[PDB]
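pasting the first bit of my complex, frame unchanged:
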Amino acid sequence: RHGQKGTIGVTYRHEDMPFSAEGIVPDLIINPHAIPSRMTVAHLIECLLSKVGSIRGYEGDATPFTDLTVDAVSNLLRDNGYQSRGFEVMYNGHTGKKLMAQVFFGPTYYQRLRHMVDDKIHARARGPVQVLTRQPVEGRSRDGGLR
Amino acid sequence: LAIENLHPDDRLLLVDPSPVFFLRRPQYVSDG
Amino acid sequence: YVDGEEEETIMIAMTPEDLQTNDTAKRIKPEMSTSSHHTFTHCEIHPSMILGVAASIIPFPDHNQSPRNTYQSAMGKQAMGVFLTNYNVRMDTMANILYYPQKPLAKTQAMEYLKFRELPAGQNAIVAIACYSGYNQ
């Protein structure tokens, strides 16, 4: 919900994903490089607030221009036995060894967009042509050619 | 009776071995 | 009610707390020291009501770079959800329905009147930010 669009690059099975000490594997891994240039801090704040809410069984209130601060959410998260900033010690799926860097980890609301690759893939060797110009027709639905 | 009806000193005896304004209780019908 | 022309002649307070006269996390209110005293005539009901329908879905829109808010407003109209409850009896040219919609964990107060809790258009995924194998660059 913060303009962070992307496409699936590869799918790993349950046993190939990194896991935390309590066995939680992520559903989805995004690159750290998406954050600093675009400055979507709201993404990180939403992840932290959602983590606290799912731990405590509440729904976070992310209304803008309120008195919510990151430090209050961090205190709540620390009181529940997690690192106050949301980091987690995470293990490597392939070898089982600990990762040297801790991983920001939590639930976030994602939405699936209408643009799927199977509705865009198109190839043409030969096919219908226009009557006037005898050049390939236009359109993926009509088995057309590329300009 | 409830926790409120308990004596304040006895409430002080209830020590974990306050609500926050930004944690709502979930609903299903909403409003409008 | 006031329109765009009557607003020229009124003095509005942003919050009811503005009607009366050292933390590193909380934000800073305007000092407004140019005027010795103020005589407000109106007060905003809630400042977050300056947003539209699509921009009322973003959580913490004030912590974001504004072009990202615009991009999300654009992309929220392409998210598959449950457009109506009678999708079985309708014959639309296209229709996309998500199997297991979930309501967001971090919601906004304006989502109550958009029925986003009852017809949500997404799911809560456990997201990890990491350079795992180089396939997410």
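It's in. Residues are numbered from 1 along each chain as shown, chains lettered A, B, ... in the order given.

measure the residue lying farthest from the centre of chain C to residue A:25 for me?
Within chain C, residue C:36 marks the point farthest from the mean C-alpha position, 35.0 Å out by CA atoms, centre = their mean. Separation of residue C:36 from residue A:25 (CB to CB, to the nearest Å) stands at 62 Å. All C-beta atoms are positioned from the backbone trio N, CA, C, and that covers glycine.

swap in residue A:55?
18 Å.

With residue B:24 instead?
As judged by CB to CB, residue B:24 and residue A:25 stand 29 Å apart.

So those two - more neighbours on which side?
residue A:25 (18 against 13; other CB atoms under 10 Å in any protein chain shown).

if I look at residue B:30, how far off is chain A?
Relative to chain A, residue B:30 is positioned 12 Å away (CB to the nearest CB, to the nearest Å).

I figured that residue was touching residue C:120, is that so?
No: between residue B:30 and residue C:120 there is no contact, the gap being 11.2 Å when judged by CB atoms under 8 Å.

Give me the more crowded residue out of these two.
Ranked by neighbour count (other CB under 10 Å), residue B:30 and residue C:120 place residue C:120 first, with 21 against 15.

tally of neighbours for the closest residue to residue B:28 other than its chain neighbours?
Using CB to CB, 6 or more residues apart in numbering or on different chains and skipping the chain neighbours, the partner closest in space to residue B:28 is residue C:117 (7.4 Å). A count of neighbours around residue C:117, defined by other CB under 10 Å, yields 18.

Same check on residue C:26?
Using other CB under 10 Å, residue C:26 has 13 other residues around it.

Next up, the contacts around it.
A:67, A:69 (CB atoms under 8 Å, 6 or more residues apart in numbering or on different chains).

Against residue A:22, how distant is it?
Distance, residue C:26 to residue A:22, by CB to CB: 33 Å.

Name all residues that make contact with residue 32.
In the absence of a named chain, chain A is used. Listed by CB under 8 Å, 6+ apart, the contact partners of residue A:32 are C:129, C:130, C:131.

was after chain C, sorry
Applying CB under 8 Å, 6+ apart, the residues contacting residue C:32 are residue C:38.

here's chain D, drop it on:
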Amino acid sequence: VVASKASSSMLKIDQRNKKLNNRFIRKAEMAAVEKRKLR
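Placed with the earlier chains, chain D looks like this:
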């Protein structure tokens, strides 16, 4: 209408949660505003 049992239970839960929220959130806001005032 003859609503199902699950729907009736959900309605009761919603009413209770609405009342509890309207009480607790207002109380917390009142507690916070006075502290922000005296600072």
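
mind redoing the contacts of residue C:26 now chain D's in there?
Contacts of residue C:26 (CB under 8 Å, 6+ apart): A:67, A:69.

Next up, phi/psi of the residue farthest from the centre of chain C, please.
phi -60, psi -40 (degrees, to the nearest 10).

how about the residues of chain D near chain C?
Proximity of chain D to chain C (CB under 8 Å from any CB of the partner chain) is limited to residues D:33, D:36.

now the strands: where do they sit in chain B?
Under the criterion DSSP state E, chain B carries strands at the ranges B:23-24.

which parts of it sit against chain C?
Contact residues (CB under 8 Å from any CB) of chain B with chain C: B:24, B:27, B:28, B:29, B:30, B:31, B:32.

now with 6 Å?
Within chain B, the residues that sit near chain C (CB under 6 Å from any CB of the partner chain) are B:30, B:31, B:32.

Now the last one. Nearest residue, chain neighbours left out?
Going back to what we said before, that points to residue B:32. Among residues not flanking residue B:32 along the chain, residue C:113 sits closest, at 4.5 Å (CB to CB, 6+ apart).

What number of residues are in the vicinity of that neighbour?
Residue C:113 has 12 neighbouring residues, counting by other CB under 10 Å.

Residue D:8 now?
Counted with other CB under 10 Å, residue D:8 comes out at 10.

what about it, which helix or strand?
Secondary structure assignment for residue D:8, by DSSP states H and E: helix D:5-38.

List the buried residues in that helix.
For helix D:5-38, the neighbour count (16 or more other CB atoms under 10 Å in any protein chain shown) marks D:14, D:17, D:18, D:21, D:24, D:25, D:28 as buried.

From what I see, residue A:107 and residue C:124 are in contact.
Yes: at 4.8 Å, residue A:107 counts as touching residue C:124 under the criterion of CB atoms under 6 Å.

Counting neighbours, go ahead and name the busier of the two.
Shown here are residue A:107 and residue C:124; by other CB under 10 Å, residue A:107 has more neighbours (24 against 19).

Is there contact, residue-wise, from stretch C:119-126 to chain B?
No: Stretch C:119-126 does not reach chain B (CB under 6 Å from any CB); its nearest approach is 10.5 Å.

here's chain E, drop it on:
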Amino acid sequence: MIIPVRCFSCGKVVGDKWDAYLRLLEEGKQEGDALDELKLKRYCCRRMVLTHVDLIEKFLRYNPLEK
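Placing chain E onto the earlier chains gives this:
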């Protein structure tokens, strides 16, 4: 639409706990306490029951197409 059979992240079976969860919420228990009483420890499982919206109760209100 209807409570998922398995938790997406780990795979715990949460599809048999919807009715018990509603019964617990009916008795006045808080959502966190209700989820704890069902032995849902990991928050990946807790989000499945906590954020589920039950839409089949709205689809069932339409008159069946056959008889």
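
again for the neighbour count of residue C:117, chain E present now?
Residue C:117: 19 neighbours (other CB under 10 Å).

Does chain B have contacts with the helix holding residue D:8?
Yes: for helix D:5-38 and chain B, the contact criterion (CB under 6 Å from any CB) is met by D:10, D:14, D:17, D:20, D:21, D:24, D:25, D:28, D:29.

Show me what from chain D comes close to chain E.
Selection of chain D residues close to chain E by CB under 6 Å from any CB yields D:7, D:9, D:13.

OK, contacts around the second one?
To tie it back to what came earlier, the one meant is residue D:9. Residues in contact with residue D:9 (CB atoms under 6 Å, 6 or more residues apart in numbering or on different chains) are E:22, E:26.

how close does residue E:49 get to residue A:19?
On the measure of CB to CB, residue E:49 and residue A:19 end up 22 Å apart.

do residue E:52 as well
Distance from residue E:52 to residue A:19, by CB to CB: 24 Å.

ok, so what distance separates the residue nearest the centre of chain E from chain C?
In chain E, the centroid-proximal residue (CA atoms, centre = their mean) is residue E:18; its distance is 3.7 Å. Separation of residue E:18 from chain C (CB to the nearest CB) stands at 13 Å.

Touching, that residue and residue E:3? I think so.
Yes: shown here, residue E:18 and residue E:3 form a contact pair, counting by CB under 6 Å, at 4.2 Å.

Ramachandran angles for residue C:13?
With angles defined as degrees, to the nearest 10, residue C:13 sits at phi -100, psi 140.

Write down the beta-bridge partners of it, one by one.
Taking DSSP bridges as the rule, residue C:13 bridges to residue C:43.

re earlier: centre of the chain versus the helix holding residue D:8, how much separation?
2 Å (CA atoms, centre = their mean, to the nearest Å).

again with stretch A:27-40
Distance, centroid of stretch A:27-40 to centroid of chain: 8 Å (CA atoms, centre = their mean).

residues in contact with residue C:8?
No contacts exist for residue C:8 under CB under 6 Å, 6+ apart.

separation between residue C:132 and chain A?
Residue C:132 is 5 Å from chain A, by CB to the nearest CB.
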